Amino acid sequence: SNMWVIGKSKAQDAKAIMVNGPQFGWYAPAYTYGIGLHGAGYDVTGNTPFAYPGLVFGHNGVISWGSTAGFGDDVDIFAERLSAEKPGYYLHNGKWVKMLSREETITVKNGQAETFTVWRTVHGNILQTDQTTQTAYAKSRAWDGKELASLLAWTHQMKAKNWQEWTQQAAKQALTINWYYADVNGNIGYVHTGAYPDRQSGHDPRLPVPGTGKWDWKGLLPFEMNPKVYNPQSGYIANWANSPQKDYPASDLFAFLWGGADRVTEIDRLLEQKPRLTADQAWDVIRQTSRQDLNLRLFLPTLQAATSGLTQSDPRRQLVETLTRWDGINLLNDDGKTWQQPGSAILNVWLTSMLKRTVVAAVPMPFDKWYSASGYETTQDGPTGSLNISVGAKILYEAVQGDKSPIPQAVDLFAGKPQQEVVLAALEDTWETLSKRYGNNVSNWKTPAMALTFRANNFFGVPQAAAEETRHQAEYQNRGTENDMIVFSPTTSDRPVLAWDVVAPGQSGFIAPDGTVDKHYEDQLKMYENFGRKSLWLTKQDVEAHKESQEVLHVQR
């Protein structure tokens, strides 16, 4: 997920601009739900995942809001001590405490029902067991017991009319989520919301801790600690799953890092490229980032250094020069299948080879596999989610940064070998691999583009539509599942706010019994593809003037 909020100091023809691109994957029917609420203290418009009571993406005509995953470390694993005698118990604070447990029966269509038991300790639900050393692992979430408060905070925040009222609700949202704020007066803000544990001194949040009691969390950190900013000197707020703040620690997932190499820099340079941006230009950042190869900028300098001293006719030097002319922005050929430039395929093959030679070589199996992905891997259906710099690539980047990297290279990923030599050998692999497949005339290489698929199974992998309802989009776009933009105090409009979003395939997933698809079943699918957008209405006047249908219910509770 990405988001950029443009404040008064950088907005052109407006006071504030908010462009949100939450990335959940692509699905049919649409992942989010368009909805306007007017009454009971609410006056909002926008769209939201699975139609939660609270709109994750929308505005109330005075403030607008958005989110991206926080990726803070709000989950720790406790190692519970078990005993062969007294099964179902675990040692905690000197006493054998009884675990919580419940019976569950999985009913099965055309199959046998299965009943099993789920176990829980004071630390969380039990994962796996291990009656050798008699240990079971309990997963401890800092947001435990705050699920519903987070749901209500996401709802109530919609009623806020300024920074203070909004942060009041942000303080109650316990999941690890980045919240973003903008308002009609041009103010903008960001909060890394979430409940975070106050860990014992010496507790490494990356590794398990004993559950015998001495390592129990002291409690939860106060809202004061949550990274937050209001009207930043920079005049903008940009995030693409990157770090909230200097020295803020990331999720403990081995596959996830915040380091020198971060895709968010792609957004930064575009917002900093111009002193001010208009609504259309801020929106255009979607298209640009959608098509931006994320590895070119990171490794091109290393590629250039290594090949600067090679002669004209060296093939490897030819591949780097190819990359040097390229702006990294992928576009489709008229065939709607291949990319006009072979840049990503070159980077993909090269990077894959580097990782194999460096990070993967230094890591004991089978853990080595964790760092072998180049980040381009996909299926014929295309990425299931966003494209990112791979964890192995981020580690490699620190290594080619040399001393300019703040990360001590305890071991040399290049095994004493000249960094140039390894980079060159990987370029040698790349040329051999690619030339053998496409020929030796690079200028006519038509490498396959990634496609995009709105899937009929939801992110769980469970059908939410029939298989034929799956939709295809030729051009993969590294963009939000939906995109919405709120523009406050637009100078060319009669209204103090304008907003747009795109909810593809369409607002409706309904198909009548006779197979007749709803009029709004797919009327946003082409719009999504073309980077188009449709207006979100808020006022009674705009809603009325744009009504297609109406209905009035009379009900008492």
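So that there is no doubt, residue numbering starts at 1 and follows the sequence shown.
Enquirer: Quick check: 297-305 versus 95-103, which has the larger average CA B-factor in the record?
Expert: It is 95-103.
Enquirer: Pick between 264-272 and 346-354: the one whose mean CA B-factor in the entry is higher.
Expert: The stretch with the larger mean CA B-factor is 264-272.
Enquirer: Between 20, 23, 535, 541, which carries the biggest CA temperature factor in the record?
Expert: When the deposited C-alpha B-factors of 20, 23, 535, 541 are compared, 541 is largest.
Enquirer: Going by the CA temperature factor in the entry, name the top one among 131, 187, 281, 292.
Expert: Reading the PDB entry, the winner on C-alpha B-factor is 131.
Enquirer: What third of the chain does residue 208 rank in for C-alpha temperature factor, lowest, middle or highest?
Expert: Tercile = lowest for this residue's CA B-factor.
Enquirer: Lowest, middle or highest third: where is residue 235 by Cα B-factor in its chain?
Expert: Middle third of the chain for residue 235's C-alpha B-factor.
Enquirer: Of the three thirds of its chain by CA temperature factor, lowest, middle or highest, which one includes residue 369?
Expert: According to the entry, residue 369 has a C-alpha B-factor in the chain's highest third.
Enquirer: Based on the entry's values, in what third of the chain does the Cα temperature factor of residue 496 lie: lowest, middle or highest?
Expert: As the PDB entry reports it, the C-alpha B-factor of residue 496 lands in the highest third of its chain.
Enquirer: Of the three thirds of its chain by CA temperature factor, lowest, middle or highest, which one includes residue 482?
Expert: Answer is lowest: the recorded C-alpha B-factor places it there.
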